[PDB]
Amino acid sequence: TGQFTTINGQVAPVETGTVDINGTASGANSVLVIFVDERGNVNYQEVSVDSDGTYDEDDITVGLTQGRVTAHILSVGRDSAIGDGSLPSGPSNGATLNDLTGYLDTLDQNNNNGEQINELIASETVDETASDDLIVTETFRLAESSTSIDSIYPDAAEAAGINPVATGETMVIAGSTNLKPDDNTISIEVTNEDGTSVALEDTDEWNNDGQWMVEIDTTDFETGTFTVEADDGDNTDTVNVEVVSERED
Amino acid sequence: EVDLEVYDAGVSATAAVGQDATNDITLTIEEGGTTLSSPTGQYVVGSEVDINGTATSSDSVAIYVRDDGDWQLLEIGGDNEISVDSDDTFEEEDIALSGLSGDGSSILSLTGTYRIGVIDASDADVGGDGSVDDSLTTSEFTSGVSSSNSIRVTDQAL
């Protein structure tokens, strides 16, 4: 069993990616994970599974190119050999996880399509009829970093995105992000018509759904137009909301 | 989660890298909290005020001021740090924020609404000599343990 944590199905920082892997691998001693892109570049890492077969490796960097990256998780089966041990360049019956890594180094060196690697990896290890090894498949689009504000509205029921907020009641703001839930944070700024900041809140926690909500009070706010600014050390999104004494209902 | 591994009697240090541990024990480690209390809400320009706050896991703390850019260091004076007692609390005498010399204080001189935050000694000149001498950016200030609160300066009175 395996899983991949994607903020929105994508990894934001292309230069320094990060994914979290966890699952159940009962009866195995080590688990190998491989990343391949559309060009054909390959990155691999072995994971030491604990005694009760519950492996959890966090903050795995991806050194591939921008585009679409498909991920596979390898696990030697009963034979404790990669499939049948019939590596194109490796020895017979000595095909371990480390041995298969040497075969991976030959894949990226040759000018092979990324789709060809998917056919080759499945055929040489799993598609063989005498193979006992198991894999799981997962894909994610490796894109650039993203941070945006989705919906701003008071404690009432609304999901359109924009809603005038009466002063004195707390209003919620919801946005999307691709950053790590804990290693990063989102700082907000609320400013009036002439650069007088009134509020400043930060959050450093959000589930793997990618949605984050920030609470700010409107006790001392004044009616008019207010600017909401959110930054995370990267591109900054700005949205404007109106403030009224009382709303229409 | 942090684990401790013991080994059988008579084993050497170099030869113990591969052999499995006879037993084990695990503990969890979390990050502490560093907040300010007194420099909050209002501040008369040119007035003096004490530095009040708490720091669970800290040895040296520094105070920074930010306004539409970098966190300029505030030169509090001696060693640019405050020690923490056993009660996880640190305090400083009455200090005039604008009165003290440094470019950090210059931001607070003009009337407006700003931000002030404290940070532990994890900076340590963002890598180098054991002294807090930098102007940490948003990423550097947020990366370490820290906390900031909104402050605005009000003109003088009589």
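What follows is calculated from the coordinates using simple rules that are stated; it is not laboratory data. So basically every Cβ, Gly included, is an ideal-geometry build from the backbone, and we count neighbours across all protein chains shown.
Determine whether A:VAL228 is more than 25 Å from A:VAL11 (Cβ to Cβ), in a strand (DSSP E or B) and touching an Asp or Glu at 6+ places or on another chain (Cβ under 9 Å). In short, yes.
In the set B:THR113, B:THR142, B:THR56, B:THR137, only one residue is surrounded by fewer than 16 Cβ atoms within 10 Å (Cβ to Cβ), closer than 26 Å to A:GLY195 by Cβ and of a type outside the set (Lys, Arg); that residue is B:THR137. When the residues of the stretch B:1-22 are narrowed to those that are assigned to a strand (DSSP E or B) and aliphatic (A, V, I, L, M), which ends up farthest from B:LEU108 (Cα to Cα)? So, considering only residues that are assigned to a strand (DSSP E or B) and aliphatic (A, V, I, L, M), the one farthest from B:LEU108 (Cα to Cα) is B:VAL6. Residues of the stretch A:226-248 that are farther than 20 Å from A:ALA174 by Cβ and either loosely packed, with under 12 Cβ neighbours inside 10 Å or of a type outside the set (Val, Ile, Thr) (or both): A:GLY233, A:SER245, A:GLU246, A:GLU248. Residues in the stretch A:162-198 that are away from chain B (no Cβ under 14 Å), among the hydroxyl-bearing types (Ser, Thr, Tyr) and under 20 Å from the mean Cα position of the chain (by Cα): how many? Residues flagged as away from chain B (no Cβ under 14 Å), among the hydroxyl-bearing types (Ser, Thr, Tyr) and under 20 Å from the mean Cα position of the chain (by Cα) within the stretch A:162-198 amount to 2. Residues in the stretch B:115-135 that are touching a residue at least 60 places away in the same chain (Cβ under 8 Å) and within 12 Å of chain A (Cβ to nearest Cβ): B:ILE116, B:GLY117.
In the set A:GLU158, A:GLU119, A:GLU201, A:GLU115, only one residue is within 14 Å of another protein chain (Cβ to nearest Cβ) and either β-branched (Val, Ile, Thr) or surrounded by fewer than 17 Cβ atoms within 10 Å (Cβ to Cβ) (or both); that residue is A:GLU201.
Among the residues in the stretch B:138-154, are any of a type in the set (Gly, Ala, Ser) and more than 14 Å from chain A (Cβ to nearest Cβ)? So far as the stretch B:138-154 goes, no, none of its residues is of a type in the set (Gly, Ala, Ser) and more than 14 Å from chain A (Cβ to nearest Cβ).
Can you find a residue in the stretch B:89-112 that is within 14 Å of chain A (Cβ to nearest Cβ), touching a helix residue (DSSP H, G or I) at 6+ places or on another chain (Cβ under 8 Å), of a type outside the set (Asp, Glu) and closer than 26 Å to A:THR203 by Cβ? Checked against the condition, which is being within 14 Å of chain A (Cβ to nearest Cβ), touching a helix residue (DSSP H, G or I) at 6+ places or on another chain (Cβ under 8 Å), of a type outside the set (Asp, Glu) and closer than 26 Å to A:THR203 by Cβ, the stretch B:89-112 yields no hits at all.
Does A:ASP234 satisfy the criteria of being assigned to a loop (DSSP other than H, G, I, E, B), within 14 Å of another protein chain (Cβ to nearest Cβ) and of a type outside the set (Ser, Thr, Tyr)? So A:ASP234 passes the test. Could you list all residues from the stretch A:132-161 that are within 16 Å of A:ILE216 (Cβ to Cβ), of a type in the set (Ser, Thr, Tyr) and within 22 Å of the chain's Cα centre (by Cα)? Result: A:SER151, single match.
Could you tell me whether A:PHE140 is over 29 Å from B:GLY117 (Cα atoms) and crowded, with 18+ Cβ neighbours inside 10 Å? Yes. Within the stretch A:210-221, the set of residues being within 14 Å of chain B (Cβ to nearest Cβ), surrounded by 13 or more Cβ atoms within 10 Å (Cβ to Cβ) and not in a strand (DSSP E or B) comprises A:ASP217, A:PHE221.
Strands (runs of 3 or more DSSP E) fully within the stretch A:38-141 that include at least 1 residues being in contact (Cβ under 8 Å) with a residue 24 or more places away in the chain, out of contact with any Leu (no Cβ under 8 Å at 6 or more places or on another chain) and of a type in the set (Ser, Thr, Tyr): A:54-60, A:67-75. State whether the residues of the stretch A:145-155 include one that is crowded, with 17+ Cβ neighbours inside 10 Å, within 14 Å of chain B (Cβ to nearest Cβ) and under 25 Å from B:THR137 (Cα atoms). Checked the stretch A:145-155: at least one residue is crowded, with 17+ Cβ neighbours inside 10 Å, within 14 Å of chain B (Cβ to nearest Cβ) and under 25 Å from B:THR137 (Cα atoms). Highlighted here are the strands (runs of 3 or more DSSP E) found entirely within the stretch A:159-209 that include at least 3 residues which are free of Cβ contacts under 8 Å to residues at least 60 places away in the same chain, under 15 Å from A:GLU229 (Cβ atoms) and touching an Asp or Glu at 6+ places or on another chain (Cβ under 8 Å): A:186-191, A:197-199.
In the condition set (1) in contact with a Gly (Cβ under 6 Å, 6 or more places away or on another chain); (2) more than 18 Å from A:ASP155 (Cα to Cα), A:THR225 is compliant with all but (1).
For the structure I just gave you, tell me whether B:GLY32 is among the small types (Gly, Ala, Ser), under 30 Å from A:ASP232 (Cα atoms), within 18 Å of the chain's Cα centre (by Cα) and surrounded by fewer than 15 Cβ atoms within 10 Å (Cβ to Cβ). So B:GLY32 passes the test.
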